[PDB]
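# Structural description and commentary
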Amino acid sequence: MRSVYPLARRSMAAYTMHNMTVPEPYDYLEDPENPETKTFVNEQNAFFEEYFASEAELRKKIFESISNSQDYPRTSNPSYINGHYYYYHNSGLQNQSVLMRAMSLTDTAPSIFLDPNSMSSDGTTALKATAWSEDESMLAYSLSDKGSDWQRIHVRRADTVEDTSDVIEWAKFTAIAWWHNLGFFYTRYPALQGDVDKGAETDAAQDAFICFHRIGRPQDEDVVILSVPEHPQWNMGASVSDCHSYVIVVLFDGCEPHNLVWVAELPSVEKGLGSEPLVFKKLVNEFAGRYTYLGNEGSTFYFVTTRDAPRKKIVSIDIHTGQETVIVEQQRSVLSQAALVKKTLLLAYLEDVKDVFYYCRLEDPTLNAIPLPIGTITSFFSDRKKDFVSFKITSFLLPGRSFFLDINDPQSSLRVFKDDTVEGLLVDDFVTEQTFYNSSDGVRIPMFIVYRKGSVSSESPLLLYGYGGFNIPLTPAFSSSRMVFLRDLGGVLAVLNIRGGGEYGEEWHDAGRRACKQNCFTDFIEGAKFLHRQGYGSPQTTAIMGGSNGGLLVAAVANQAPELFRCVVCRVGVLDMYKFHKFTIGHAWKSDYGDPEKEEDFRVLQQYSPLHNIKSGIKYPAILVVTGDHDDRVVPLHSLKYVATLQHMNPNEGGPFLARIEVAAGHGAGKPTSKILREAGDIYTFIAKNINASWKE
């Protein structure tokens, strides 16, 4: 097309930054308050709508298709307790989850057991915490209301499931710790945050204090068990031993991972509850790293330990002498969940952003694996005395699957306890896989590719998704948008974890941060080569998109191979690194970028800034940028600068320019589902339009 466009004005304004007179001809759109910027935004929306007017029919079709994937019943892990199967359910039109029991694995109609949606007229409270008991006669659960401690917490039984007259009041972030038939320890503070003589606006809730509680009795007949007197600005919890004759207590200073371990002898049943807390034997009184109790056996205890190992090794501990031994030295990856049942330690490793299971005996610690599908843990239930165990895997085209097995021979006992259903899915037809390829200089880079059973070729649309930064990896999780991409248009989804994120942790950040960050944008480009050299798809039509810093990278890769791609989408990204620290909360990511006044930081920055590298003549893909006009996460001046500059710089070359925007009235409130759903529909109909995706007819 050779049609005209609004004349994006250019001014002589040029802040001479570091003795360099960089032109800033678009000082107009550095503030929403001008009329010029508002009218330019209006014209951008009008042009995008005009471009999509003809394809609006299929756009509405795909929008309905994606919107149809927002209501979904979702189950959770099972629990075989006292001959029943307790598990969670969800219908879709409600705001909390329900809990109920089934007589067996193949129950047809379950029986409701816990409905948090009824006891309150608002019905906004939810089960914040839960705990069974040795006698299994009652489930102690916390009913948290609107976050604040002004709360109603209730209890319903099991044999009768009426509600007893017993309440736990004035507690936040509680770890209920039940012991046989007497009761449980729970957290609270002195003075019960009583009003009248009350100040501090419930700030930091000083003097955390755990005390026992016995059902049936009033609140006053309780014996305090531990409250840190000298360091009241802490937060601690407690739990009981498997023998249930001893109690252990964990403590935490602020939110520091560092932890100290304190064990204790709980008084026996024959003496009720003792008058004084017994001696709390001191094993670790330090602040090295995070500890987490997993189990015990007589004179032994076992913990997940991050001490001298940021990858959460697993170690035993002995009390009566203190001499120590190591169970599992940390592997090449990090931990997600762990458990100790009967005569096996059962572990899950977050290897290359996917959880792999292993079971370890007590003589051969070899990590014997199971062929669970590609994905990650999202839930776990395990009891030492119950041989049944279960877990839940989630992935891209695996919205959620609860599996179960025993602990005798884990090979064949693995089975699908529950599979969630969303209309229009067969699961097995979409196979996911991982593949490693060499980088630009020769370090292995992973790639999660989801694709059909060999039903795609050089002609199939190929999409890339990446965010890559801020130590936060893009773990495999379901998204309805990827669902529509896989099932509605015959495309394949390739997610690459470029250097910068939390795929390998702080080392991964070090591989792609600040000065050494630049090569990251190179390596991603190399990925586009590999996926086309192998055979999956063709460079003649391909798509990429990402968000925030990812929205940056999908634009940065426009420099190294400008012609190679065919269409890209950037969302809520940073698009001008020269106004980085001067606006909004952006400067808070200095650790990633750095200020534009440091010498070497600006020297590295100025060679890759997207607003200083778009250049005429060269060939560019089709670019879409989507942005909200007042979103304070990333101020939208950068997106408007980018789109206007290349709208008025390279007219008759590779493009075009697309500027999807979120203009409305009433900023500063929450985001309803309508906005996100319509925006996802718009971006997905754009990609489906341009990269030549064949709709499932």
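The name that the PDB entry assigns to the chain is Prolyl endopeptidase, with the source organism given as Trypanosoma cruzi.

### Concerning the side chain of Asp 149
Along the chain, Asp 149 falls in the loop between β8 (140-144) and β9 (177-179). There is a polar contact of 2.8 Å between the side chain of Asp 149 and the side chain of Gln 193. Not counting chain neighbours up to four residues away, the residues in contact with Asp 149 comprise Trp 170, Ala 171, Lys 172 and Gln 193.

### Examining the nonpolar core
If you look at the biggest cluster of nonpolar residues, it comprises 57 residues, and the most contacted ones within it are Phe 524 and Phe 565. A per-element tally of this core places helix α6 (residues 518-534) first, with seven residues. Judged by nonpolar contacts, the second largest core, of 38 residues, contains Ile 66, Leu 397, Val 427 and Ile 687.

### So, the domain arrangement of the chain
It is common to give the size of an interface as the accessible area lost on bringing the parts into contact. Along its sequence, the chain is organised into domain 1 (38-68 + 425-690) and domain 2 (332-422). Using C-alpha coordinates to define each centre, domain 1 is positioned 34 Å away from domain 2. The partner domain 2 presents 14 residues to the 19 residues of domain 1 that form the contact. Summed over both partners, the interface of domain 1 with domain 2 buries about 1,800 Å², with 73% contributed by carbon and sulfur atoms. One can count zero salt bridges joining domain 1 with domain 2. Viewed at the interface, domain 2 and domain 1 are joined by one residue pair in polar contact. Elements represented by at least two residues in the side of domain 1 that touches domain 2 include exactly β28 (430-437), β29 (445-452) and α4 (480-488). Ranked by the residues each element gives to the side of domain 1 that touches domain 2, the list is headed by β28, at four residues. Of the residues in the side of domain 1 that touches domain 2, the class split is 12 nonpolar, five polar and two charged.

### Section: the sheet that holds strand β16 (residues 291-297)
Spatial ordering of the open sheet is given by β16-β17-β18-β19, a layout of four strands whose pairing is antiparallel. With one partner strand each, in any of the chains shown, β16 and β19 (326-328) form the two edges of the open sheet. In this sheet, neighbouring strand axes are inclined to one another by 30 degrees on average, regardless of whether the strands run parallel or antiparallel. Inspection of the sheet shows β16 paired to strand β17 (residues 300-305) by six bridges, in the antiparallel sense. Note that in β17 the partner of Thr 292 across the bridge is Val 304.

### Concerning the pairing of strand β24 (residues 376-382)
As paired elements, β24 and strand β25 (residues 389-395) share six bridges and run antiparallel to each other. From the neighbouring strand, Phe 380 faces β25, where its bridge partner is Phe 391. In this structure, the hairpin formed by β24 and β25 is closed by a connection of six residues.

### Here's the deal with helix α9 (residues 637-647)
Residues separated by three or four positions in an α-helix point in the same direction, a consequence of the helix having 3.6 residues per turn. The buried fraction of α9 amounts to 11 of the 11 residues, a majority that puts the element mostly inside the structure. Buried within α9 we find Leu 637, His 638, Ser 639, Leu 640, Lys 641, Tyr 642, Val 643, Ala 644, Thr 645, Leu 646 and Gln 647. At its buried positions, α9 is contacted by α1 (35-52), β34 (622-628) and β35 (657-658).

What counts, and at which threshold
- Residues numbered from 1 in each chain as written, not as in the entry; some residues may be left out.
- Heavy atoms only, no water.
- Helix = DSSP H or I, 4+ residues; strand = E, 2+ residues; numbered from the N terminus.
- Polar contact = N/O pair within 3.5 Å; in protein donor to acceptor, adjacent residues only side chain to side chain.
- Contact = heavy atoms within 4.5 Å.
- Core = buried A, V, L, I, M, F, W, Y, C linked by side-chain atoms within 4.5 Å.
- Buried < 20%, exposed > 50% of the residue type's maximum accessible area, 1.4 Å probe, protein only.
- Domains from an automatic or database assignment.
- Buried area = accessible area lost by both parts, 1.4 Å probe.
- Salt bridge = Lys/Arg side-chain N within 4 Å of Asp/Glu carboxyl O.
- Nonpolar A, V, L, I, M, F, W, Y, C, P; charged D, E, K, R; others polar.
- Pairing = 2+ DSSP bridges.
- Axes fitted to C-alpha atoms, helices over the stretch in contact; angles between N-to-C directions.

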